[PDB]
Amino acid sequence: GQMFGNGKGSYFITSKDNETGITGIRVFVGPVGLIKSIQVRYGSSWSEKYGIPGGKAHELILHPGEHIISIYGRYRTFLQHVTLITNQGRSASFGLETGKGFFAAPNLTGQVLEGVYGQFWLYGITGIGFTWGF
């Protein structure tokens, strides 16, 4: 909490479900370079496509024991850039690094990414938020 970017349009939310946490993140990026949609992998199950159809699928598949611990991003009208940095030093960058920047980290140390929410509109994601927990 709360939501990064100029959120506009349809609300979405996904989260952990008495399971393992996030083991993967699928980001869809178009030729225009903005974040169109996301899928989140819980255990072995991919969530539904949250956003606008189109673009090319790019993935961060987490290693055993690996978790996303902070997130840097850029935005304008749409979420332009997202880089997911993990607890093992790895970082996966998606999208064109333009606009107003943000940085999301959990308040308490040991907390990792467990879910993401936000808004998508015309071409893609316009607002993005993150839920952290142990």
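Atom set for the values below is all heavy atoms of this structure, side chains included, hydrogens, waters and symmetry mates excluded. In this chain, numbering begins with 1 at the start of the sequence shown.
- Residues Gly65 and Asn87 come closest through the heavy atom pair O-OD1, 3.2 Å.
- Connection of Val40 to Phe120 is established within a shared hydrophobic cluster, with ILVMFWY side chains joined at heavy-atom distances below 4.5 Å, either directly or through further cluster members.
- Clustering of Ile, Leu, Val, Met, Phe, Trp and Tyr by side-chain heavy atoms under 4.5 Å joins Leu108 with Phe134.
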Show me, pair by pair, the donor-acceptor contacts under 3.5 angstrom made by side chains of residues 94-107, not counting sequence neighbours?
{"residue": "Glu97", "atom": "OE1", "partner": "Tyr72", "partner atom": "OH", "Å": "3.1"}
{"residue": "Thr98", "atom": "OG1", "partner": "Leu96", "partner atom": "O", "Å": "3.4"}

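- Rounding to the nearest 0.5 Å gives a distance of 12.5 Å between NZ of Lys36 and CG of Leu79.
- Through side-chain heavy atoms spaced under 4.5 Å, either directly or across other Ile, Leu, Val, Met, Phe, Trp or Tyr residues, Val112 is tied to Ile69, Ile85.
- Two residues are said to be in side-chain contact when any heavy atoms from C-beta on lie closer than 4.5 Å; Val29 and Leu34 fail this criterion.
- For the atom pair OG1 (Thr126) and CD1 (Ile35), the distance works out to 12.5 Å, reported to the nearest 0.5 Å.
- In this structure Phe12 satisfies the ring pair (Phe, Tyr, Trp, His ring centres under 6.0 Å) test together with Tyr50, sequence neighbours excluded.
- Screening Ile125, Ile13, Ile38 against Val116 for a side chain to side chain contact (heavy atoms under 4.5 Å, CB included) leaves a single residue, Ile38.
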* **Test side chain to side chain contact (heavy atoms under 4.5 Å, CB included) applied to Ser37 and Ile52, step by step** => CA-CA 6 Å; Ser37 57; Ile52 303 306; 5.8 Å; no
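- A distance of 9.0 Å separates OG1 of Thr20 from CZ of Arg41, quoted to the nearest 0.5 Å.
- In this structure, the side chains of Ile22 and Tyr42 come closer than 4.5 Å at one or more pairs of heavy atoms.
- Take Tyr123 and apply the ring pair (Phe, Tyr, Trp, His ring centres under 6.0 Å) test, not counting sequence neighbours, and it matches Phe78.
- Counting heavy atoms from C-beta outward, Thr131 and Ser15 have side chains that approach closer than 4.5 Å.
- The CD1 atom of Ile61 sits 10.5 Å away from the CD1 atom of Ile25 when rounded to the nearest 0.5 Å.
- When side chains are defined from C-beta on, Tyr75 counts as touching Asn6, because their heavy atoms get closer than 4.5 Å.
- To the nearest 0.5 Å, the span separating NE2 on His67 from OG1 on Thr23 amounts to 9.5 Å.
- Closest heavy-atom contact between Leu62 and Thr86: CD1-CG2, 3.7 Å.
- A cation-pi arrangement is not found for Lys56 relative to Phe28, the charged atom failing to lie both closer than 6.0 Å to the ring centre and inside a 45° cone about the ring normal.
- With a 4.5 Å cut-off on side-chain heavy atoms, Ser10 and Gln119 do not count as touching.
- Taking 4.5 Å as the limit, some side-chain heavy atom of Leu60 sits within range of a side-chain heavy atom of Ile68.
- Rounding to the nearest 0.5 angstrom, the gap separating the CZ atom in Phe130 from the CD atom in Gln2 is 12.0 Å.
- For residues 103-131, no residue pair satisfies the salt bridge (charged side-chain N to carboxylate O under 4.0 Å, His left out) rule, not counting sequence neighbours.
- Other residues, nucleotides and ligands contribute more than 12 heavy atoms inside 6.0 Å of the CZ atom of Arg26.
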* To do: Dump the intermediate steps for side chain to side chain contact (heavy atoms under 4.5 Å, CB included) on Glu59 and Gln39, then the final yes or no.
  => CA-CA 9 Å; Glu59 280 169 9; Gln39 268 182 281; over 6 Å; no
